[PDB]
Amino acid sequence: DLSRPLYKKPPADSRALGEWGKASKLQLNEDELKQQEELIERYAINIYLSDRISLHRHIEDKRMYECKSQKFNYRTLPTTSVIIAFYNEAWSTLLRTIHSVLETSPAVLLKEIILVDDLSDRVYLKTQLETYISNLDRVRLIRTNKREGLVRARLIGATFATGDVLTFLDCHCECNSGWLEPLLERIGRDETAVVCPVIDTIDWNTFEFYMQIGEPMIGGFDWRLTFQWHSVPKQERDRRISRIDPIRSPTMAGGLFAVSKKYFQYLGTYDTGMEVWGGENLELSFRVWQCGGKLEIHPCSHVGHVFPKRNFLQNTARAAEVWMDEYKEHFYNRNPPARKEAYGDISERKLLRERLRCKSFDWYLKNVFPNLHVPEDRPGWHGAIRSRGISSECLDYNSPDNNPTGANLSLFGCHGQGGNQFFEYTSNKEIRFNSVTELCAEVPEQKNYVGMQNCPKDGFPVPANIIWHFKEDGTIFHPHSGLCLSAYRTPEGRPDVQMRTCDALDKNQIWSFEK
């Protein structure tokens, strides 16, 4: 049986705390409550509880049925080097990760586990961790000589790795049964596929393992270049033959991934010129795809990650500047602070991009992320909209963030900072409030105030009540209601807007775009 791991989990014990990844709850006196709280304050994870859960626990395999009956040829699958960087990790979570890899990964495929101590200061992480792992076949420890950060610590591990495939995990995870084979099987058929497990949540307080039971969410971004999840689009569903095939992901949705070692080297690994820590995966994502390149999530590979109890805008700007061509303006327009960031010397990245003969960001949007609406931002038809009548006041939409279409459109003092005063007038005659998501200005049926609704998807009908005529006189006309957009003052003298019978005179109805 070539599936056998180097070490076998002891038999599952349904009485043991957290067995199978079920939630754990301790009955604690007040002293013990205080110990629990203090470790949470220090680690942002319930280490008190982790310490009372086995380092070897089972996780119930709730994958789609087809996953569980897949057969692998273990003689021809590539090997891997699993790479785990850490900094001041609690003992029980770090070790549970190590044992999980050892106990769920077939020995014929697991060449090594390489742990990278990124200048930890905890004394238990010094010579005792070396002693503990000296008994664990194939586990290697490297220590950095300065504080490197996740990316560079990973790269240091990668330089030591000699497996066919680099598999990057992190230092508080637990692997599901059969997590590894699907990543290596896919890479064995296409060495340019960067393949990620589905990352399941392990609850930081209860240690419950929340397994995604069906189709996973996949990775994209919004035009602020903030990571956002999205559901798998129809095109990609129809491309795939089986619902357990890999799923193309426009961007990476976590830090866990497997890549051919040689291919990672060929792409230049991570962007070393970054200096700042965080957000490096957007740059990696664009480079993988543009330089030919697949980034996929594998529904049969599941790894749980302990998301702890709760900015890198320079690295986001760096990704935009290297990869996005003309489309970076749509980003800057909607995240103006990004214009100020020191993204750094990108000369060598521009050279890399040419050596690799990478394709354009236009290609990327059309072929990798066609479900993303791309704004036009036509010259003179985007920015803040200023009143003539109350000429200190700009159109301003300000919702409560627990439902973006909760407010009504209004006025507020022009700031030139975008955000709630950024608007786009569209070739399809929509007034879009699309700094964050694609929201479209509407006049509801028979009302006189102006709301927002989700814009139509590309190619779909433009509803009558979100059509706007923006005449060359500052008149913003709304055909469905027949009324015009007018600045006014409420009872209390607060500037505001309303739909009133059209009056080319009444200056509160004349308006102007600004950049």
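One-based numbering along the sequence shown.
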item	value
Where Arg310 meets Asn311 in the shown sequence, the number of deposited residues left unmodelled	4 to 9
333 to 341 set against 383 to 391, stretch whose average Cα temperature factor tops the other in the entry	383 to 391
Higher-B stretch (mean Cα B-factor, as the entry records it), 481 to 489 or 35 to 43	481 to 489
Top residue by Cα temperature factor, when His305, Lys261, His99, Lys429 are compared in the entry	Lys429
Deposited CA B-factor, highest of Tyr270, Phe422, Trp204, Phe257	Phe422
Chain thirds of CA B-factor: placement of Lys68	lowest
Within-chain third of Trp289 by Cα B-factor, per the entry	lowest
Modelled-residue ranking by C-alpha temperature factor, third containing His415	highest
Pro299 - which third its CA temperature factor falls in, relative to the rest of the chain	lowest
Modelled-residue ranking by C-alpha temperature factor, third containing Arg52	middle
